[PDB]
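J.: Part one of the assembly, not moved from where it sits:
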Amino acid sequence: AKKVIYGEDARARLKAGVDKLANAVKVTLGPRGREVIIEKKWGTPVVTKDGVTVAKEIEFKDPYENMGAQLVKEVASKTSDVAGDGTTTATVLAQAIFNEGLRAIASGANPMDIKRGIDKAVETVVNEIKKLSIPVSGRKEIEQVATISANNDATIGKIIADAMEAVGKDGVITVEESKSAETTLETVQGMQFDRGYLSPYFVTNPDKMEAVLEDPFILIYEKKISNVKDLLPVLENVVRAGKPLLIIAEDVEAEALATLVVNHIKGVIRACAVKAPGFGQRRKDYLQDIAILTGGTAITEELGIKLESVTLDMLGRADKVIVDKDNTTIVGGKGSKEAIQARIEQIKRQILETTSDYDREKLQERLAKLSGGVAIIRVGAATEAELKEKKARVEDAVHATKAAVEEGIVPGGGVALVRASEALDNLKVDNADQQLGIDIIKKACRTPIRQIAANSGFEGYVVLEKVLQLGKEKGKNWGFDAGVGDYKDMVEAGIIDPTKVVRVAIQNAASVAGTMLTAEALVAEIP
Amino acid sequence: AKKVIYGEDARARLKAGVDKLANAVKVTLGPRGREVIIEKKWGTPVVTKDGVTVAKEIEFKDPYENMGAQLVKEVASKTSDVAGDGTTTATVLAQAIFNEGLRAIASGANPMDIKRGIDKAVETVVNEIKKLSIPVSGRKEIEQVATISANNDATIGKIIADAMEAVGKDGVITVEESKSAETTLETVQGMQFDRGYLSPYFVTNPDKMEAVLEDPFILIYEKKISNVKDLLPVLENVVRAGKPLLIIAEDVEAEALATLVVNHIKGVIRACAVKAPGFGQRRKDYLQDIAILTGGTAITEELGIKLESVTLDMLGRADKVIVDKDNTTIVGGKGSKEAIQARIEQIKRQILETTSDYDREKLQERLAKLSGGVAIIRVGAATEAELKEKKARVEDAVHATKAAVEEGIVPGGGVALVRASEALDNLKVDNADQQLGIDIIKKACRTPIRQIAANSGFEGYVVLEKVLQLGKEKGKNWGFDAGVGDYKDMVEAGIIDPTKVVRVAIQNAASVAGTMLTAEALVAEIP
Amino acid sequence: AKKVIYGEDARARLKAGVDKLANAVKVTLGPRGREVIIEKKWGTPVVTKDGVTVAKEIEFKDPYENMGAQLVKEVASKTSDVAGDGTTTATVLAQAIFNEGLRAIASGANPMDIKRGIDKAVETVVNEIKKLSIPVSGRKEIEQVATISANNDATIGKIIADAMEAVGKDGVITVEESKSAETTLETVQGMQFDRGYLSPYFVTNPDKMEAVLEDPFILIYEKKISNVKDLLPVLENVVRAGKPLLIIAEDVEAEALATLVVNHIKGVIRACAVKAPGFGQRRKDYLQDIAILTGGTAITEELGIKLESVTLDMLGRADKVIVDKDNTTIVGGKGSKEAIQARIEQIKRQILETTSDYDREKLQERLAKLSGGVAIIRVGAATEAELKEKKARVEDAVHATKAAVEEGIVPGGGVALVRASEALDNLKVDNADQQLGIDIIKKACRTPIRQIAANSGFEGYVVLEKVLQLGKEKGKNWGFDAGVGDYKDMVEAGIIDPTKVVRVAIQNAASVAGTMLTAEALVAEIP
């Protein structure tokens, strides 16, 4: 059984659902915004300042008010997926557009023309935002962006700025929970995986349980090695060379393992054996990428080369390798330089191909393995409850800092949307209803700065008027510093947000709110 | 347990059910019609302007009112299945016929004679519609039809007009969700399938991961190739020929794959191997269609030819082939021209045979593969909520544009039904009750234009009277432009809709409404 | 469906939940604190004075009051995990910080700045606590710490002091339930495991069912021994040696067992056979540690040495071994001294590595086996109800005594927090709200001493004022002895707490309470 409501009754239910969801989220906006504790069924509750986290948990008893809440939830979800930051701003913008659109529709305006006017206004706003953008120059902007996104935490900003400096432009930063109360940064460089240490006798540094080989050869092979006769010829050539040898295979099993460790123990050779990384199809994907930067050959099953047929020529050359219980890493290799950027390019074009089938971030992980280093930021706190909140802030700053590198930075504190809305006064359309949609966006663009001031204990409209007049008296970048409560140059003060975050938030908010405004009837099941 | 209601009580329940379903659907009619949000149990709600989508979700608690709603739901469902457009118009027509029929029956008319009179009137209306039809001349009518069906979206109309131009008359247009916010058109030509790239070493263009073969042979074979001795004789011949060779087989396994890649790596030959498309019976269906246009032989199991017995003569010839991870395509072939025309005639004659057993659109896909190209329109939007609405509009315009090619165009905005109803004044019958049925259709035919004007903020009867007098003063094609609110020539203004959509809508509406009018008793279970 | 509450209503629910949980726990604080009986679904109820045990069972019907209770439960849980003592003090501190923080927020202070001020104050308090710490000198401080942690039980303190003296610094103390009413201390030294006594005929002391071997050889081997021909050579050369031989193998099966016992019965050789300890991967972990301190070789599978190829050189030497139904222990061996230092050194560094994968305390067990002895304190009582309470007190004192060895001791009775809070008067910050957070910690630090006095029948504020003035008149270590009710030097009187317990309790309490103070909204499911 279904019930259908029309007209003002339908919009009243939608507005109530949107408002209730937005009210809970909007309390976390700004530097002086407060946190929301979310009930978890099993275990301790979750305390979070993250906008999309709060929105994902919101559901209502009324079916029609729930429909409004679910639609606006997609604003925060899409913003989080694309930008990773600005979810609270997007939710605030979505509520402002919907509320103003309802007022315009209540005056008799055509909902379709209002949506068309909204679309035109956003295109102008996005173009104005891009013109106001500033490229990231160096560590100063990186640290400033990270500090602001981490809720004005200088400690987090310094760590992330160091992390980006170490891993370079092509690096990948990962955030994990630390086992202690301290927060540490771990950076590794080279092609490293999660195997190694087949036997305890493969030890060269007894003080650290680490096996380090100086100028070692590597053996890339895709199947198990268990026959002694096929295993012998490679070391027969290797012992002639005299350099250490490292085994990367499916498994070194029984007799083949036995002869390798015993021969190593006698001291005639220096060798180690590790498992090859991956499972299923990851075997071909990983070993090929391991072989490309080592200067050797993968010796795959397709090449049709037996173990006895191998020689020193196709064995790759490495400088140093370190093997422990879990981690095996290589410092460098003999692989040609032009090959790695070809693989780097091949992955980047494959991103569009992989996006249709991927479910893991291994697409980016492979890129950073042969192009730089991967940093792991271990967030630590005295108690898990504080750890969850701190880890969320670090992840928010990491995502925001990455976006700043891509599309530059913009003045923070909502000033960028205020400046962009100033260009909407010159935009004119032939349709009166489409003009109303433009006015809706202009009012909505100035909403976030008012909400930030309201959360800080200041009147939103008083701040907005001063910021508007400061654009002409002082400059575009001048705004309101809600942290301490005065007006200053936001860019010089370090209060900046990525251009991507601002652009994504306004585009997502208008897309959902504009679609919602064209509704006339709601169909839902009778409880 | 059952309860039976009779007479006026039975018709009252049916009218309430029909009206409630029609009221929800009719709000989406016209260029200024508004959308309906439909609750979904899991996930975000669906916002749609599509008439049949809204009608499919409607259900009522009262068993007798539900029977009325379910019967009218078949009007929109059948119209969508046959024409793909005009579902809202069909629902509006069905309500008008049922409401007018109830009034005539309440005066004492025979329901059976009313149904007979309705059937006669529809035959006259359909004949008048065909007389008013105009054949599609070129891209201008195609773009105009697509724009109107897409709710006056010029961007969608331009893309679909380009898509039809590229794929020709025999092409197939597919609509898919884009991974980005932009909407793009992708067109491929020739026989292509979803296999390829057996081994990574089959690369001729490292800059695009594409294996392109210049003037290659193809090997059509239906089973696995694993034996070494049977594979060699075909390469012993083509290495004499020297041109590239491509393998289409169930699988190239182990040793047979090993010798192929190693031989290719050494540079003596250039070759690639792909899987045969389809599953189960589809292998036989597809390989024969692959072999027919390449000028070679399928080398099927029935022919009883071993691998060693093959030669160059039965191997087909192709100009270019491109192989990647998923897509393998052929540009041309040596197949005889008269053979494919037989195949397309066979498939078209098999359409009536396939319609009794098919569950997939592969019947048309095979048609366009060897007779033209297939276009994929990737609809993109910032948010999935807007994406679903945009994709629905594109699909509606694609179906409407195809129908316009088949049976021509006719003036839009409900003018065609108004002009057709004018011919019902000259139709006379000997039975008074059958005359009432004719008058029912005449009133119903003029309902959609009134509803469109009502949705646009204009009085329906005032618009209808002006449109009726404009038929004599100006011409048949003159109507009311509800988009801007004036009267103009609909055909010249580009406000046109397919003749098939109009013909199907009136026929389906009268078939169900006429059947319902003959009811006297309703039997339903007691809740 | 969810409901969201804001502002004062949200904090009121949180305060009620925190207070109700804290009120139940706080009745157990101090030497004159009382116990809490906890209902168990099956079996007798549990009577306990342990703070974290009481807190773990607390749950409330109101969803929002439950969120407050669950958050504070993490204070006691984390304190118990890290320190093992002071859970009641941590819960009392957490309630004091939250209650004072609510009052400050109700005056209009910024919650985020209050949290920042709290963090700064705790850093000063922890630094002051470390300055006030005193290292443990010997048995006197060890006995005093154990006595206080065991609720002023001199019998428990004497036993634990003896246990630490026997096992040394690297030893491990285990607490188990005794089968009788008496409490006994059992200490074993050497590498001992839970196997032995394969056959009843391996008896050298018929007065105890103990097989004692004088200067025996041990055979370390990882698989079953069942073939007679491979089994003979190991006795063929040890019978030449003439010393007793002991078998450590996966199993001695059938014929190999038969020839071993029969030859022993004849008196020509002295021998015994035991199973090797561990399951799964524990075989390689344990036999290697067994072989390292005996001076022999593990003869593992990787070494590729057959049974017939063994000799006396690779067999280790030991002084004495005792074998019974369950326990097999070795007194000493021929292992080189520096080898076991490295193994001890290898293990402590492996603690950080195995902490991410371990689920058993075998990390410390392996370290204690070759570095000293392990002690088992068997707690006994007349009835199981008293046994559970007594065992909990012993475990509390064992954990507290271990913490005292690590980070030293500090004056007890809450004096240390009072002295540390005195240093907060000199701490100043530029932010007024951050200053309020400092004052919150200062009041909270003096709460536990007031609660202890309240539980003892004295006025908390009267005691606190006297203790504050005694710091200047007499000294830092002077405090209130709640046991008898007078003021004296706590360090000289033996009322001392570990520095680790005090430091952990204040850090955990502030981490949780500060996080909850920043909340503004609560989201929970509607029941």
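T.: Perfect, I can see it now. Residues are numbered from 1 along each chain as shown, chains lettered A, B, ... in the order given.
J.: what comes up buried for the one helix or strand residue A:465 maps to?
T.: Assigned by DSSP states H and E, residue A:465 falls within helix A:460-473. Going by neighbour count (16 or more other Cβ atoms under 10 Å in any protein chain shown), the buried part of helix A:460-473 is A:460, A:463, A:464, A:467, A:470, A:471. Where you see a C-beta, it was placed from the backbone N, CA and C, and this is true even at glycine.
J.: Residue C:22: which of those residues is nearest?
T.: Of all the buried residues of helix A:460-473, residue C:22 sits closest to residue A:460, with 39.5 Å by Cβ to Cβ.
J.: Could I get the contacting residues of the closest one?
T.: A:449, A:450, A:451, A:453, A:454 (Cβ atoms under 8 Å, 6 or more residues apart in numbering or on different chains).
J.: how about those residues in TSV, adding neighbour count?
T.: Putting the contacts of residue A:460 into TSV (neighbours: other Cβ atoms under 10 Å in any protein chain shown) gives the following:
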residue	neighbour count
A:449	24
A:450	21
A:451	23
A:453	25
A:454	18
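J.: Chain C: which of the residues you listed is nearest?
T.: Distance to chain C across the contacts of residue A:460 (Cβ to the nearest Cβ) is lowest for residue A:454, with 12.9 Å.
J.: How much space separates the closest one from residue A:29?
T.: In this view, residue A:454 and residue A:29 are 9 Å apart by Cβ to Cβ, to the nearest Å.
J.: now residue A:175
T.: 23 Å.
J.: Those two: which is more packed in?
T.: residue A:29 (23 against 20; other Cβ atoms under 10 Å in any protein chain shown).
J.: I'd say that one and residue A:87 touch.
T.: No - counting by Cβ atoms under 8 Å, residue A:29 does not reach residue A:87; the two are 10.1 Å apart.
J.: Could you tell me which residues touch both of those two?
T.: With Cβ under 8 Å, 6+ apart as the test, residue A:29 and residue A:87 both reach residue A:51.
J.: since we're on residue A:168, how many residues are nearby?
T.: There are 12 residues near residue A:168, going by other Cβ under 10 Å.
J.: ok, and what's touching stretch A:232-248?
T.: So stretch A:232-248 is in contact with A:213-221, A:225, A:259-260, A:263, A:268-276, A:287, A:290, A:307-308, A:310-312, A:315, A:318, A:321, A:323, going by Cβ under 8 Å, 6+ apart.
J.: who touches the nearest residue to residue A:460 once chain neighbours are set aside in this structure?
T.: In space, and not counting its chain neighbours, residue A:460 is closest to residue A:450: 2.9 Å by Cβ to Cβ, 6 or more residues apart in numbering or on different chains. The neighbours of residue A:450, taking Cβ under 8 Å, 6+ apart as the test, are A:460, A:461, A:463, A:464.
J.: you'd agree the third one is up against residue A:480?
T.: Yes - using Cβ under 8 Å, residue A:463 makes contact with residue A:480 at a distance of 5.0 Å.
J.: what sits in contact with each of the two?
T.: With Cβ under 8 Å, 6+ apart, residue A:463 and residue A:480 have common neighbours A:449, A:453.
J.: got the residues of the stretch 301-450 of chain A near chain B?
T.: A:301, A:302, A:303, A:304, A:342, A:346, A:349, A:350, A:352, A:353, A:355, A:356 (Cβ under 8 Å from any Cβ of the partner chain).
J.: Kindly incorporate the sequence below as chain D:
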Amino acid sequence: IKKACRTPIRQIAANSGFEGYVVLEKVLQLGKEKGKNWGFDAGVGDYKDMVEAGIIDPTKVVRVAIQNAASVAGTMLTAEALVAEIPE
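T.: Adding chain D to what we have so far:
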């Protein structure tokens, strides 16, 4: 008391149809920029000098109102028991 003293001006602004807190902030700013007598006129929505405009009140009315309101509120804050007859 400071919050209470600033309540009647917000109520007057709210009744006339303006935002009370915005009006209060403007009046506070005008105290330093223009003078103490500057305030908000409610008959017409503009800020002007109340003394010059003739919108003035006796100082006895203001003095008595704040004293009387604080007196009754103080007694009710410390009230501990209410005694009333059971109805009917």
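J.: and the buried residues of helix A:460-473, now that chain D is part of it?
T.: Buried, per 16+ other Cβ under 10 Å, within helix A:460-473: A:460, A:461, A:462, A:463, A:464, A:467, A:470, A:471.
J.: how close does the spatially closest residue to the second one that is not a sequence neighbour get to chain B?
T.: In space, residue A:461 comes closest to residue D:22 once its chain neighbours are excluded; the distance is 5.8 Å by Cβ to Cβ, 6+ apart. Counting by Cβ to the nearest Cβ, to the nearest Å, the separation of residue D:22 from chain B is 35 Å.
J.: which helix is the longest one in chain D?
T.: Scanning chain D for the longest helix, with DSSP state H as the assignment, gives helix D:59-77.
J.: who touches it?
T.: D:1, D:4, D:5.
J.: 10 Å instead, please
T.: In this structure, residues lying in contact with helix D:59-77 by Cβ atoms under 10 Å, 6 or more residues apart in numbering or on different chains are D:1, D:4, D:5, D:8, D:57, D:58.
J.: quick check, the second one in a strand?
T.: It refers to residue D:4. No - read with DSSP: H, G, I helix; E, B strand; the rest coil, residue D:4 is helix and lies in no strand.
J.: contacting residues around it?
T.: D:66, D:69, D:70, D:73.
J.: out of these, who has the most neighbours?
T.: Among these, residue D:66 has the most neighbours (other Cβ under 10 Å), with 14 neighbours.
J.: Check the gap between that one and chain B for me.
T.: Counting by Cβ to the nearest Cβ - residue D:66 and chain B are separated by 54 Å.
J.: next one: residue A:82
T.: 9 Å.
J.: cool, residue A:457 as well?
T.: 34 Å.
J.: For the closest residue to that residue other than its chain neighbours, which three-state class applies?
T.: Nearest residue to residue A:457, sequence neighbours excluded (Cβ to Cβ, 6+ apart): residue A:32, at 7.4 Å. Judged by three-state DSSP, the three-state class of residue A:32 is coil.
J.: burial count for residue A:32?
T.: Residue A:32, neighbours per other Cβ under 10 Å, totals 21.
J.: In contact with it, which residues are there?
T.: Shown in contact with residue A:32 (Cβ under 10 Å, 6+ apart): A:151-152, A:452-458, A:482-483, A:485, C:110-113.
J.: Please report phi then psi for it.
T.: Per-residue torsions, residue A:32: phi -100, psi 10 (degrees, to the nearest 10).
J.: element containing the closest residue in space to residue A:306 that isn't next to it in sequence, please.
T.: Ranked by Cβ to Cβ, 6+ apart and with sequence neighbours excluded, the top spatial neighbour of residue A:306 is residue A:230, at 6.9 Å. Here residue A:230, judged by DSSP H and E, is contained in helix A:228-241.
J.: Next: residue A:300.
T.: In the assignment (DSSP H and E), residue A:300 maps to no helix and no strand.
J.: Can you report how many residues lie near the closest residue to residue A:93 other than its chain neighbours?
T.: Leaving aside its sequence neighbours, residue A:93 sits nearest to residue A:509 (Cβ to Cβ, 6+ apart; 3.7 Å). Per other Cβ under 10 Å, the neighbour tally for residue A:509 reads 33.
J.: how big is the angle separating the helix or strand containing the residue nearest to residue A:461 from helix A:460-473?
T.: Secondary structure from DSSP H and E places residue D:22 in helix D:20-33. Calculated by axes from the mean of the first three to the mean of the last three Cα atoms, to 10 degrees, helix D:20-33 forms an angle of 50 degrees with helix A:460-473.
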